[PDB]
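A short worksheet on the structure shown next.
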Amino acid sequence: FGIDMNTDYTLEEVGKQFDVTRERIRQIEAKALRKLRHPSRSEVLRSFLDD
Amino acid sequence: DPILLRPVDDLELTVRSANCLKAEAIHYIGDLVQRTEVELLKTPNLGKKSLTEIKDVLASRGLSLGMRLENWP
DNA sequence: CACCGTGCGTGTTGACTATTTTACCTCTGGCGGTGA
DNA sequence: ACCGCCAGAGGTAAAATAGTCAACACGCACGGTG
């Protein structure tokens, strides 16, 4: 996403540094997202969701 | 209690423990707490580690076993 | 306590579809040459 | 005052790239049995 950095690196370069072939790094990213998604870890981030 | 009627998903349990609960089809924590250690061990594919985790997570929020509820829901 | 039999998380292709840019026609403004 | 000419701005093709959807080894790790 580009948090604390200067570019939204695509999966290719992220795999270069983390050694892989996209699908695994895609795998690592999705777990994190579903994780930060459950309550008990996303109440204040939810507040920031204008409603 | 408001917390009990929340599904087990929010309880933040392991994949194997979640599958064991799904096999037991336990929707609410209020129903789960009524049971006891031996009854939980009666569940297949569940060992001492899973029961220990369940006890620890219940104790983290102050929940335990043995409390009998009535008219729930 | 110790040993062996599955379960399951952890790393790996192949085929398919959805952006994204780039280039090719077409409208439609502006513009300047030329004229007692 | 007019009339032929020029360039900036769109709709549609097409190539390139990125994201999306189901199998095989392999090494811990849990459970049965002694």
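Chains L and M, in that order, are what the protein sequence lines are.
Heads up, the first sequence is in the authors' numbering, so the first residue is 563 and it goes up one at a time.
Heads up, the second sequence is in the authors' numbering, so the first residue is 250 and it goes up one at a time.
Beta carbons are placed, not taken as given, at the ideal position from N, Cα and C, and that holds for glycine.
Open item on the list: Quick test of your reading: residue 286 of chain M and residue 300 of chain M, contact by CB under 8 Å. State the CB separation rounded to the nearest angstrom.
Closed with: 6 Å
- [ ] Compute the distance between the beta-carbons of residue 583 of chain L and residue 577 of chain L, then report whether it is under 8 Å.
- [x] Yes, Cβ-Cβ distance for residue 583 of chain L and residue 577 of chain L is below 8 Å.
Open item on the list: Less than 8 Å between the beta carbons of residue 279 of chain M and residue 253 of chain M, yes or no?
Closed with: yes
- [ ] Could you tell me which residues DSSP pairs with residue 277 of chain M in its beta bridges?
- [x] M/256
- [ ] In the DSSP assignment, find the unbroken alpha helix (DSSP H) run with residue 306 of chain M in it and report its ends.
- [x] 297-309
Open item on the list: Restricting to Cα atoms, I'd like to know which of M/302, M/256, M/317, M/310 is closest to residue 265 of chain M.
Closed with: Just measuring C-alpha positions, the residue of M/302, M/256, M/317, M/310 sitting nearest residue 265 of chain M is M/302.
TODO: Please classify residue 599 of chain L: does DSSP put it in a helix, a strand, or coil?
DONE: helix
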